[PDB]
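The block underneath contains the structure these notes are about, expressed in structure tokens.
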Amino acid sequence: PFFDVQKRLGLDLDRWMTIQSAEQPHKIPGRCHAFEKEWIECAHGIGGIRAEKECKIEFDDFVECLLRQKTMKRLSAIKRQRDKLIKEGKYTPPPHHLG
Amino acid sequence: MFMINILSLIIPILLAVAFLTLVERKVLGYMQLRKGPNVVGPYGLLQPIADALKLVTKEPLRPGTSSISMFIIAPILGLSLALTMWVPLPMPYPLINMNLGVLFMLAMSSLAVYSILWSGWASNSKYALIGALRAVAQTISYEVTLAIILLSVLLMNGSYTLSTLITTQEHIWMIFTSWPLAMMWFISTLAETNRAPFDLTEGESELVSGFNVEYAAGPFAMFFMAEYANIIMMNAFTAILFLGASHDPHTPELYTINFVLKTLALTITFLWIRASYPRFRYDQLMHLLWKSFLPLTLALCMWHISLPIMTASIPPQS
Amino acid sequence: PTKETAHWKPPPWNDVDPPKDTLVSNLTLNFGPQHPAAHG
Amino acid sequence: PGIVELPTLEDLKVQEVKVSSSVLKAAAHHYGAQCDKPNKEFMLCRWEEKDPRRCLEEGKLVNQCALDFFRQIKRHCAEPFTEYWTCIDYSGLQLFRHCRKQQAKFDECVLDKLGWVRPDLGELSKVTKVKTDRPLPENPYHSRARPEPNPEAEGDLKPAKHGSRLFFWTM
Amino acid sequence: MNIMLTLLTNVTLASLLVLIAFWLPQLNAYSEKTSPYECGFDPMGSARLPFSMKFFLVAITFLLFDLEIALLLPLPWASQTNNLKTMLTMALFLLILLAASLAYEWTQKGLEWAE
Amino acid sequence: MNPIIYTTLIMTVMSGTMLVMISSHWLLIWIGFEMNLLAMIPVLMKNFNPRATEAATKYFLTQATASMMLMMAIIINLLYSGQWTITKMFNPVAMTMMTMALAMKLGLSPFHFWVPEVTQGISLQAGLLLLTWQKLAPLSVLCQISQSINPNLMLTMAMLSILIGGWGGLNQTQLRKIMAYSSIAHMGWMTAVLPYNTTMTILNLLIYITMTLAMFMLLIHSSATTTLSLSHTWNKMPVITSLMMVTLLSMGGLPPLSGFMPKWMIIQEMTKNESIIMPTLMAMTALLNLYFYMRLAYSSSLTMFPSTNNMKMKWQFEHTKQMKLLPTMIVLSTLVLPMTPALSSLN
Amino acid sequence: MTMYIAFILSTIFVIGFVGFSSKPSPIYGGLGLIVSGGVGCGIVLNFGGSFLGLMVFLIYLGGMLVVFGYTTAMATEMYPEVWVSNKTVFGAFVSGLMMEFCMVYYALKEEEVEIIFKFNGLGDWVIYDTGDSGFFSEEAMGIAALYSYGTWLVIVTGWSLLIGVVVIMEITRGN
Amino acid sequence: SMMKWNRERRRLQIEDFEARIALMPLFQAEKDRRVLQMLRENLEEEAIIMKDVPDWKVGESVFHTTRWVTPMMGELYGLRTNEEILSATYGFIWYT
Amino acid sequence: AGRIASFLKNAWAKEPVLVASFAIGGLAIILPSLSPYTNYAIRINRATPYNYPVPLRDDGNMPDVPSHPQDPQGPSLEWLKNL
Amino acid sequence: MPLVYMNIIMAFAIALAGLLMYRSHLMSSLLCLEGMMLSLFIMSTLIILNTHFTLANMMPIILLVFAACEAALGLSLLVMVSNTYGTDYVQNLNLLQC
Ligand SMILES: COC1=C(OC)C(=O)C(C/C=C(\C)CC/C=C(/C)CC/C=C(/C)CC/C=C(\C)CC/C=C(/C)CC/C=C(\C)CC/C=C(\C)CC/C=C(\C)CC/C=C(/C)CCC=C(C)C)=C(C)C1=O
């Protein structure tokens with residue numbers, strides 16, 4: 001913030017909610033609590049323009065935990081190939097996939 | 001058999017609304033020294049059938065100065081919301097166990113404005129355009145009081161699960177704890193359904209009907225069906241909310257009988273009030289809630305939120 | 001000013017424009033004539 | 001970036017205790033009181049390692065211990081348990097409130113035959129401790145090397161050389 | 001599914017009622033029926049003119065109170081918190097602010113239905 | 001307008017800005033923005049004339065749209081990073097979106113047609129409020145996010161800001177309108193150096209602020225809205241019109257007056273960072289400002305203007321409203337150049 | 001197949017929005033917003049947001065009520081507009097239908113639509129998360145934390161609503 | 001009356017919860033095995049699925065971290081029957 | 001003295017609803033601080049274990065923490081039973 | 001980013017077009033403006049329910065409470081131009097010109 005009265009005069013005013021690894025009500029963790037813990041404790045007292053590159057792999061792992069872009073794309077590719085070869089008809093899904 | 005249960009919900013409510021149009025004309029008449037309808041069948045039991053057939057085969061006039069889309073949609077909204085707003089009621093085993101049943105039904109209760117406004121404006125008449133805004137203001141200005149009353153009452157129940165409300169009462173009638181609140185709630189209910197003491201929309205001197213003026217035959221009867229279904233639905237709501245009953249799980253029929261008796265008693269109180277009292281004036285009508293009802297409701301809500309804390313008697317959440 | 005600036009009348013000194021066409025109306029009501037709430 | 005660690009289909013093969021929710025909720029307090037140790041150590045493993053692939057053996061242990069407990073209760077009063085779990089099943093919330101009669105009829109058997117006591121309210125809720133011979137999860141998150149801090153600076157403030165040094169200002 | 005099935009059943013049922021209502025009866029369809037109505041007369045040249053009104057203020061203070069009602073709705077869940085003292089003071093703040101808004105509405109005409 | 005109601009509108013506007021420059025959660029920044037929006041509309045409607053209604057309506061529409069796009073940027077960087085903390089953005093289009101959302105609140109780019117009009121509509125005190133206080137919040141947000149702003153975007157936006165600020169004021173006689181255009185020019189001036197180093201845009205904000213109070217207080221000490229009306233005031237208040245002239249000299253940035261210092265500082269740091277073409281454009285275009293500045297000076301003090309017969313009884317009456325801080329307000333906006341090193345205090 | 005409902009709930013949201021933004025008669029834009037909100041309540045609901053969905057239901061179907069309240073008061077005229085009055089509204093509407101239709105056709109063929117950001121056409125059911133909730137709803141508990149952790153939020157809001165009723169008083173006072 | 005009955009209801013809730021804590025470990029111990037069974041079944045099946053594709057490293061993890069994450073439910077209920085995924089996602093929401 | 005009592009009487013007559021609301025409200029804030037059971041309500045809320053009490057790794061020298069869920073030592077809520 | 005995100009983002013984009021590209025009506029434009037915040041409300045609730053951001057669960061209603069306030073004044077401004085000017089048609093809305 002511009003004029004950070006929060007840490008000067010010594011109280012939290014909004015910092016409780018800013019990130020989702022904070023003390024959530026009745027210890028309900030967020031979806032990416034581990035990843036954002038890794039990211040935050042990675043980049044602490046390092047400087048944003050310096051920490052953005054050392055804490056990179058943690059950052060995109062965090063972003064992929066949030067959005068699952070890469071994982072869902074992988075699933076889409078798997079489904080594409082499965083439906084293609086099923087339509088052109090080679091194998092049948094095992095009974096665990098039917099019932 | 002789910003759809004069979006649905007139909008067993010709608011259709012009996014339809015007969016209930018149908019015969020309410022007979023019990024009101026009998027109760028009112030007996031309250032004012034009139035025998036009431038007893039010519040169509042035994043004790044007028046068949047009379048609602050005849051008027052329904054007449055209104056179905058009465059000509060539905062298309063308002064020439066109107067857009068038919070809303071002239072047809074408004075009865076749809078008013079009727080369908082009124083019936084689907086019966087869905088989450090705690091019969092001994094409620095049909096749909098919605099975790100926020102009370103909030104669900106309170107939210108749907110606000111939707112009657114969305115039939116009132118289109119009826120009043122689309123029909124395009126002076127009485128219609130006046131009564132639309134007047135009735136809209138009525139129901140919206142009483143919806144707030146309904147909301148704080150619901151919240152303050154629920155603060156002792158535990159959650160918005162409307163099935164556990166029975167578990168809340170069990171021992172004592174909930175009115176014994178919130179009789180000042182219920183006395184407001186009931187009256188606000190009387191206001192939201194547009195009944196003779198608080199109707200203000202009919203006003204058969206300067207509004208005549210207010211919203212159901214140009215509506216004729218079927219779409220006209222649909223708004224009556226909505227109106228006299230909200231009567232039963234809100235009287236049943238008040239019945240469970242304040243007039244609790246016993247429910248043994250091995251005998252579901254007992255709570256059913258007790259609940260229907262409570263609903264009939266409350267509807268009879270509705271007819272009782274309308275058969276006696278004069279009609280409010282819009283000035284006094286909104287003076288009643290803005291000047292008088294709302295401050296008392298706010299203070300009572302404060303009392304009923306502070307009370308569980310000081311008594312160390314917060315209700316169970318789950 | 002070039003051309004259209006000619007039709008750009010200066011604002012008044014009060015900053016309030018001369019009050020426009022009188023919209024004051026009381027929306028005449030006939031309140032009848034059948035109107036059975038008058039003994040007919 | 002890495003592949004898998006999924007244990008073999010033979011590894012995650014345990015006898016799945018196949019009983020109903022009403023039966024399980026009827027056993028409950030006695031089951032917990034007489035089978036806490038495998039359960040406690042199992043989810044101590046779960047919270048410490050944060051890694052079920054490391055706690056399959058704990059799962060087998062808790063399953064087998066619970067199964068033994070169910071075998072002993074079968075060997076003894078089961079008709080009171082039968083009535084109790086049926087009555088709990090009739091409840092749509094598995095409420096313990098409308099079963100108290102059979103509750104007594106159950107609690108006495110395991111008291112005078114298997115030497116068990118119904119845990120008091122909150123008794124089976126306080127956080128306990130348990131010894132596990134497994135080593136500590138030194139890096140539960142498998143975190144990498146933490147970035148080095150900023151270069152620490154120190155030194156007393158000597159006066160700025162030649163004042164402001166901004167354009168023509170001498171001081 | 002279930003809930004959605006009930007909503008579907010109700011909307012279709014309502015639409016059948018309106019369809020029978022609007023289609024079954026027979027009308028001669030003569031012109032002079034279309035003339036509008038007002039207690040014997042027609043509504044002259046009105047029923048769509050802009051409505052010079054005053055209770056607009058009541059209508060808008062409705063909404064302004066409805067926001068705060070939404071704010072205080074989470075109370076039944078909120079009462080199940082560890083730090084009950086802060087919840088008590090701050091909810092009491094919310095209702096006090098409700099009352100203060102109503103009072104300022106009151107003394108400064110406001111909720112007084114304008115004339 | 002109840003005096004106490006007006007005070008409570010004062011401090012809710014000021015608290016809305018304070019919430020902006022003290023909060024860290026992004027939602028709180030938005031909340032302060034609309035607190036200020038919701039609070040400043042009534043004071044703009046204090047006079048209650050149809051021009052005031054026009055100005056308030058245009059302000060409301062522009063600022064409401066801008067705040068909604070602010071939440072759009074908010075939601076996007078939340079979606080792409082899950083962090084409400086105000087810092088460098090992690091999605092580019094979110095950064096751009098916030099850039100135009102704030103700019104519409106500042107009046108920099110073609111999102112600047114509102115400010116001259118709204119300034120025309122409202123009273124001059126509301127003009128002082130609008131063109132002084134309702135900049136601190138968007139500038140503060142732009143300062144906090146200077147880590148990742150598209151330099152091309154900010155630079156071109158500031159360039160149009162100053163350019164149409166200079167050109168628009170040429171054909172305006174209403175003092176409120178020329179002041180709005182001058183403020184647009186100063187908006188471009190600080191926002192040009194915003195990406196490079198925020199200390200200098202803070203300094204230029206301070207100088208523009210002090211100059212703007214020193215200006216508006218002189219206007220409503222002379223009670224003039226048109227150039228001819230100010231020209232008639234060469235008589236009654238000769239000292240006020242002489243100070244009028246000296247601060248109108250401080251306007252453009254003629255040395256050694258105060259207004260030259262921010263231009264000098266901005267150009268020097270722009271040249272420190274290889275931007276040598278860029279500063280010359282505002283350096284030239286400041287003459288556009290100086291043009292109608294000189295026109296205002298000629299109408300005010302340098303040339304005597306034909307007064308009016310009735311005007312003489314005004315000689316018998318004295319300004320009773322003191323309108324305090326005006327002396328130091330003039331002085332800080334005229335002679336602070338020998339104190340340029342003090343800029344390091346802000347850093 | 002009612003599989004794609006969680007998709008179509010958003011889809012009817014889009015084209016109910018376009019007609020809402022197609023600049024029709026104000027009440028018809030209101031109807032577009034109403035169907036959009038009714039179908040978006042399902043979008044939040046089937047994601048688990050029961051309380052927030054019913055909350056927006058309530059407050060928003062009051063909020064469009066009040067914006068109606070002046071539509072027949074301060075916005076009607078002798079000849080109210082019709083959803084077929086202006087010719088351009090049809091063009092706006094159809095331009096509303098064909099854009100997201102083409103984009104979803106692509107997302108059904110390539111699953112890598114390049115419009116603005118990065119998006120995959122493989123439904124929405126994936127993005128849900130396995131887990132549990134014990135005996136507490138996460139959404140309700142989170143919105144309940146307003147009175148324990150929302151220290152500043154309720155204070156600043158209530159202050160803003162007070163200032164809001166004040167400004168609503170002052171601007172509409174009419175001298 | 002409400003004070004005493006509500007205290008009794010709190011007693012009933014702590015009892016029901018204590019049952020929930022009692023039985024949580026068994027549900028967790030069955031759930032991790034069940035989820036790992038889904039993962040392994042999908043992995044073996046998708047291995048046969050991906051033999052033909054020239055560039056698809058089998059069983060890869062998109063995450064650079066070696067720490068195990070909770071499986072995203074998509075790969076959990078993947079090639080499974082449509083009814084299974086429909087239940088797994090929208091059952092609680094759709095249940096009445 | 002007399003003026004305050006007369007004003008209270010007039011309010012109780014002129015706007016009785018206002019005085020009733022103001023009274024019951026004024027109680028609503030000042031009782032919870034005065035009442036001696038709100039701490040017991042805090043104990044009620046802390047008593048309910050919405051989540052699992054995850055155990056601690058035993059290493060010796062924690063006599064306070066019970067070794068077994070049936071052990072006597074540890075937190076107890078007999079006050080809850082008596083309440 | 002699945003299709004639900006596309007749909008609500010795209011709904012916001014057309015709300016931006018509809019409100020900002022004025023056709024002739026001020027009331028319908030602010031109606032589009034309040035639909036804008038509905039799109040943003042749904043959008044915000046999506047990630048918040050998705051990622052188990054338990055605290056942020058209260059942000060939507062908070063985001064809601066202010067937004068209606070804007071409309072609370074918007075339509076309030078609408079009457080104030082309406083009683084004098086006559087309609088909400090913004091083409092006579094020209095008096096403030098220079
Ligand atoms: C001297 O000075 C005077 C005046 O002034 C100066 C006056 O003013 C007046 C004027 C005063 C009067 C006219 C007095 C009227 C007095 C009466 C005795 C007549 C009225 C009597 C009543 C009992 C009052 C009734 C009114 C009620 C209850 C409410 C009023 C408000 C309404 C909105 C009702 C209006 C009427 C409607 C809507 C029509 C009714 C329609 C129905 C009942 C439809 C029913 C449909 C169904 C049942 C459908 C279901 C059917 C079936 C078969 C179910 C099964 C089917 C399936 C498909 C399942 C006078 C005379 C006067 O002297």
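How things are named: the first chain in the structure tokens is A, the next is B, and so on; residues count from 1 in each chain; ligands count from 1 in the order shown.
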Distance limit 9 Å, atoms considered: only C-alpha atoms. Which chain B residues sit that close to chain C? Return them as a PDB file with N, CA, C and O atoms, in the first residue's frame.
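Result went into out.pdb, see below:
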```
ATOM      1  N   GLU B 204     -62.266  -0.621  -4.070  1.00  0.00           N
ATOM      2  CA  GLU B 204     -63.314  -0.506  -5.076  1.00  0.00           C
ATOM      3  C   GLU B 204     -64.030   0.833  -4.972  1.00  0.00           C
ATOM      4  O   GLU B 204     -65.263   0.890  -4.953  1.00  0.00           O
ATOM      5  N   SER B 205     -63.263   1.902  -4.901  1.00  0.00           N
ATOM      6  CA  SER B 205     -63.721   3.268  -5.098  1.00  0.00           C
ATOM      7  C   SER B 205     -62.805   4.053  -6.021  1.00  0.00           C
ATOM      8  O   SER B 205     -63.290   4.830  -6.847  1.00  0.00           O
ATOM      9  N   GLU B 206     -61.490   3.846  -5.917  1.00  0.00           N
ATOM     10  CA  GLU B 206     -60.504   4.598  -6.677  1.00  0.00           C
ATOM     11  C   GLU B 206     -59.490   3.730  -7.402  1.00  0.00           C
ATOM     12  O   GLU B 206     -58.785   4.241  -8.278  1.00  0.00           O
ATOM     13  N   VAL B 208     -60.603   0.113  -7.916  1.00  0.00           N
ATOM     14  CA  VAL B 208     -61.504  -0.916  -8.431  1.00  0.00           C
ATOM     15  C   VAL B 208     -60.883  -2.295  -8.248  1.00  0.00           C
ATOM     16  O   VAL B 208     -61.346  -3.090  -7.424  1.00  0.00           O
TER      17      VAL B 208
END
```
Using only C-alpha atoms, what does the table of chain F residues within 12 Å of chain E look like, with each row giving the shortest atom pair and its distance in Å to one decimal, sorted by chain and ascending number, as a tab-separated table?
```
residue	atom	partner	partner_atom	distance
F:1	CA	E:108	CA	12.0
F:2	CA	E:108	CA	10.7
F:5	CA	E:104	CA	11.1
```
Could you write those residues out with N, CA, C and O atoms, as a tab-separated table (two decimals), in the first residue's frame?
```
chain	number	residue	atom	x	y	z
F	1	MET	N	-28.38	22.40	1.61
F	1	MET	CA	-27.24	21.67	2.12
F	1	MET	C	-27.00	22.00	3.61
F	1	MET	O	-26.59	23.14	3.90
F	2	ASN	N	-27.27	21.05	4.50
F	2	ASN	CA	-27.02	21.25	5.92
F	2	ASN	C	-25.52	21.29	6.14
F	2	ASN	O	-24.80	20.41	5.67
F	5	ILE	N	-24.24	18.15	7.23
F	5	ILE	CA	-24.30	17.20	6.11
F	5	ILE	C	-23.15	17.46	5.14
F	5	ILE	O	-22.53	16.53	4.62
```
Compute the set of chain G residues within 7 Å of chain B, using only C-alpha atoms, and express it as number ranges by chain. G: 54, 57-58, 135
Selection export as an mmCIF file, in the first residue's frame, atoms kept: N, CA, C and O atoms:
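Dumped everything to selection_8.cif:
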```
data_model
loop_
_atom_site.group_PDB
_atom_site.id
_atom_site.type_symbol
_atom_site.label_atom_id
_atom_site.label_comp_id
_atom_site.auth_asym_id
_atom_site.auth_seq_id
_atom_site.Cartn_x
_atom_site.Cartn_y
_atom_site.Cartn_z
ATOM 1 N N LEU G 54 -28.931 -18.133 -3.917
ATOM 2 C CA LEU G 54 -30.204 -17.630 -3.417
ATOM 3 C C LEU G 54 -30.107 -16.174 -2.990
ATOM 4 O O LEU G 54 -31.091 -15.433 -3.099
ATOM 5 N N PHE G 57 -30.323 -14.183 -6.145
ATOM 6 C CA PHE G 57 -31.747 -14.294 -6.450
ATOM 7 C C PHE G 57 -32.549 -13.211 -5.737
ATOM 8 O O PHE G 57 -33.154 -12.344 -6.379
ATOM 9 N N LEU G 58 -32.520 -13.222 -4.404
ATOM 10 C CA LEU G 58 -33.328 -12.296 -3.616
ATOM 11 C C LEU G 58 -32.997 -10.842 -3.941
ATOM 12 O O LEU G 58 -33.857 -10.077 -4.408
ATOM 13 N N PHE G 135 -19.346 -31.574 8.519
ATOM 14 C CA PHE G 135 -20.712 -31.165 8.827
ATOM 15 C C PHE G 135 -20.862 -29.647 8.782
ATOM 16 O O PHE G 135 -21.520 -29.047 9.632
#
```
At most 9 Å to chain A: residues in chain D, only C-alpha atoms, as a count of residues only: 8
Give me, as a VMD selection string, the set of residues whose atoms come within 7 Å of any atom of ligand 1, counting only C-alpha atoms and all ligand atoms. (chain B and resid 11 14 to 15 17 to 19 21 24 to 25 28 to 29 48 to 49 51 to 52 55 202 204 to 205 209 220 to 221 224 to 225) or (chain C and resid 36 to 39)
Keeping C-alpha atoms, export the residues of the selection given above as a compact mmCIF listing (two decimals), in the first residue's frame.
```
# COMPACT_ATOMS: atom_id res chain seq x y z
CA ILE B 11 -53.15 -31.29 -7.73
CA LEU B 14 -55.31 -26.96 -6.64
CA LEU B 15 -58.41 -28.53 -5.06
CA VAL B 17 -57.42 -23.40 -3.57
CA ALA B 18 -60.63 -24.25 -5.43
CA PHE B 19 -62.58 -25.02 -2.26
CA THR B 21 -63.17 -19.95 -2.87
CA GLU B 24 -64.45 -17.94 2.14
CA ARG B 25 -67.89 -17.19 0.70
CA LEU B 28 -67.75 -14.46 5.39
CA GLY B 29 -71.49 -14.86 4.92
CA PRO B 48 -66.36 -23.87 -7.09
CA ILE B 49 -66.64 -26.31 -10.01
CA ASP B 51 -67.51 -20.91 -11.44
CA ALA B 52 -64.28 -22.53 -12.62
CA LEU B 55 -64.27 -18.76 -16.11
CA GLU B 202 -58.58 -3.48 -5.10
CA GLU B 204 -63.31 -0.51 -5.08
CA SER B 205 -63.72 3.27 -5.10
CA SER B 209 -59.09 -3.83 -8.85
CA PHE B 220 -57.68 -13.54 -14.67
CA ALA B 221 -58.48 -16.70 -12.70
CA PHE B 224 -56.78 -15.50 -8.14
CA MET B 225 -55.27 -18.98 -7.96
CA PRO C 36 -70.79 2.02 -8.54
CA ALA C 37 -69.00 3.33 -5.44
CA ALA C 38 -71.12 6.47 -5.62
CA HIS C 39 -74.55 4.84 -5.19
```
Rank J:35, J:2, J:86, J:18 by their smallest atom-to-atom distance to residue C:20, using only C-alpha atoms, and report the top residue only.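 Distance minimum relative to residue C:20 lands on J:86.
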May I have the residues within 10 Å of residue J:23 as a PDB file with N, CA, C and O atoms, in the first residue's frame, using only C-alpha atoms and disregarding those fewer than 6 positions away in the same chain?
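Output saved as around-v6.pdb:
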```
ATOM      1  N   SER G  22     -29.157  -5.617 -25.894  1.00  0.00           N
ATOM      2  CA  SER G  22     -29.504  -5.276 -27.279  1.00  0.00           C
ATOM      3  C   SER G  22     -30.164  -3.935 -27.400  1.00  0.00           C
ATOM      4  O   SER G  22     -30.640  -3.584 -28.490  1.00  0.00           O
ATOM      5  N   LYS G  23     -30.198  -3.209 -26.291  1.00  0.00           N
ATOM      6  CA  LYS G  23     -30.815  -1.897 -26.178  1.00  0.00           C
ATOM      7  C   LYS G  23     -32.280  -1.932 -26.602  1.00  0.00           C
ATOM      8  O   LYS G  23     -32.705  -1.093 -27.407  1.00  0.00           O
ATOM      9  N   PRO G  24     -33.091  -2.879 -26.097  1.00  0.00           N
ATOM     10  CA  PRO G  24     -34.517  -2.864 -26.433  1.00  0.00           C
ATOM     11  C   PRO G  24     -35.272  -1.935 -25.502  1.00  0.00           C
ATOM     12  O   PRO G  24     -34.651  -1.160 -24.767  1.00  0.00           O
ATOM     13  N   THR G  88     -32.423  -1.816 -35.795  1.00  0.00           N
ATOM     14  CA  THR G  88     -31.056  -2.182 -35.441  1.00  0.00           C
ATOM     15  C   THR G  88     -31.001  -3.218 -34.320  1.00  0.00           C
ATOM     16  O   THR G  88     -30.019  -3.965 -34.228  1.00  0.00           O
ATOM     17  N   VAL G  89     -32.043  -3.301 -33.487  1.00  0.00           N
ATOM     18  CA  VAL G  89     -32.001  -4.208 -32.344  1.00  0.00           C
ATOM     19  C   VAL G  89     -31.930  -5.658 -32.810  1.00  0.00           C
ATOM     20  O   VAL G  89     -31.279  -6.494 -32.174  1.00  0.00           O
TER      21      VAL G  89
ATOM     22  N   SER J  29     -29.406   2.063 -20.284  1.00  0.00           N
ATOM     23  CA  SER J  29     -27.952   2.001 -20.193  1.00  0.00           C
ATOM     24  C   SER J  29     -27.500   1.660 -18.778  1.00  0.00           C
ATOM     25  O   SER J  29     -26.645   0.790 -18.591  1.00  0.00           O
ATOM     26  N   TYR J  89     -34.371   9.978 -22.443  1.00  0.00           N
ATOM     27  CA  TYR J  89     -33.760   9.969 -23.766  1.00  0.00           C
ATOM     28  C   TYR J  89     -32.550  10.891 -23.783  1.00  0.00           C
ATOM     29  O   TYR J  89     -32.702  12.113 -23.691  1.00  0.00           O
ATOM     30  N   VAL J  90     -31.349  10.333 -23.898  1.00  0.00           N
ATOM     31  CA  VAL J  90     -30.165  11.182 -23.906  1.00  0.00           C
ATOM     32  C   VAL J  90     -29.834  11.573 -25.344  1.00  0.00           C
ATOM     33  O   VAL J  90     -28.949  11.000 -25.986  1.00  0.00           O
ATOM     34  N   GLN J  91     -30.588  12.533 -25.872  1.00  0.00           N
ATOM     35  CA  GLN J  91     -30.166  13.377 -26.986  1.00  0.00           C
ATOM     36  C   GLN J  91     -30.522  14.840 -26.780  1.00  0.00           C
ATOM     37  O   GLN J  91     -29.806  15.712 -27.282  1.00  0.00           O
TER      38      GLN J  91
END
```
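Closest approach to chain G among J:58, J:48, J:40, J:65 is made by J:58 (distances from only C-alpha atoms).
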Identify, on the basis of only C-alpha atoms, every residue whose closest approach to stretch 279-292 of chain F does not exceed 10 Å; exclude the query and any residue fewer than 2 positions from it along the same chain; express the result as a PyMOL selection string. chain F and resi 158-159+162-173+178+181-182+185-186+188-189+192-193+248-254+263-264+266-271+275-277+294-298
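Computed from the coordinates, the atom CA of residue B:246 to atom CA of residue B:95 distance equals 18.7 Å.
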With the cut-off set at 7 Å and counting only C-alpha atoms, tabulate each residue of chain H with an atom at most that distance from an atom of chain B, showing the nearest atom pair and its distance in Å to one decimal, ordered by chain and increasing number, as a tab-separated table.
```
residue	atom	partner	partner_atom	distance
H:3	CA	B:313	CA	5.1
H:6	CA	B:315	CA	5.5
H:7	CA	B:313	CA	5.9
H:9	CA	B:316	CA	6.3
H:10	CA	B:316	CA	5.5
H:13	CA	B:316	CA	6.8
H:96	CA	B:97	CA	5.0
```
Same residues, N, CA, C and O atoms, saved as a short mmCIF file (atom, residue, chain, number, x, y, z; two decimals), in the first residue's frame:
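Resulting contents of selection02.cif:
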```cif
data_model
loop_
_atom_site.label_atom_id
_atom_site.label_comp_id
_atom_site.auth_asym_id
_atom_site.auth_seq_id
_atom_site.Cartn_x
_atom_site.Cartn_y
_atom_site.Cartn_z
N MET H 3 -33.88 -22.37 26.18
CA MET H 3 -32.53 -22.45 26.73
C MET H 3 -32.16 -23.89 27.04
O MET H 3 -31.14 -24.41 26.55
N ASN H 6 -32.20 -26.20 23.85
CA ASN H 6 -31.08 -25.91 22.97
C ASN H 6 -29.77 -26.42 23.55
O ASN H 6 -28.90 -26.88 22.81
N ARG H 7 -29.62 -26.36 24.87
CA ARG H 7 -28.46 -26.99 25.49
C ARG H 7 -28.45 -28.49 25.23
O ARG H 7 -27.40 -29.07 24.92
N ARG H 9 -29.79 -29.94 22.68
CA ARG H 9 -29.48 -30.12 21.26
C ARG H 9 -27.99 -29.97 21.00
O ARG H 9 -27.43 -30.67 20.15
N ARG H 10 -27.33 -29.05 21.71
CA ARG H 10 -25.88 -28.95 21.61
C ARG H 10 -25.21 -30.22 22.10
O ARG H 10 -24.23 -30.68 21.51
N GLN H 13 -25.52 -32.67 19.36
CA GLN H 13 -24.61 -32.39 18.26
C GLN H 13 -23.18 -32.81 18.59
O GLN H 13 -22.48 -33.34 17.73
N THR H 96 -31.86 -34.43 -3.01
CA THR H 96 -32.91 -33.76 -2.26
C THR H 96 -33.33 -34.59 -1.05
O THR H 96 -32.89 -35.73 -0.89
#
```
Could you name the residues that touch residue I:47 at 8 Å or less, counting only C-alpha atoms, but leaving out those on the same chain fewer than 2 positions away, as number ranges by chain? D: 122; H: 14; I: 43-45, 49, 77
Create the file for the chosen residues now, containing C-alpha atoms and written as a PDB file, in the first residue's frame.
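What ended up in part-v8.pdb:
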```pdb
ATOM      1  CA  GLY D 122     -16.249 -35.119  24.624  1.00  0.00           C
TER       2      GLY D 122
ATOM      3  CA  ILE H  14     -21.372 -32.993  20.160  1.00  0.00           C
TER       4      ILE H  14
ATOM      5  CA  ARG I  43     -17.175 -22.627  25.772  1.00  0.00           C
ATOM      6  CA  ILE I  44     -20.151 -24.135  23.916  1.00  0.00           C
ATOM      7  CA  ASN I  45     -18.765 -22.982  20.577  1.00  0.00           C
ATOM      8  CA  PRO I  49     -15.190 -30.484  17.142  1.00  0.00           C
ATOM      9  CA  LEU I  77     -16.492 -30.758  29.483  1.00  0.00           C
TER      10      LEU I  77
END
```
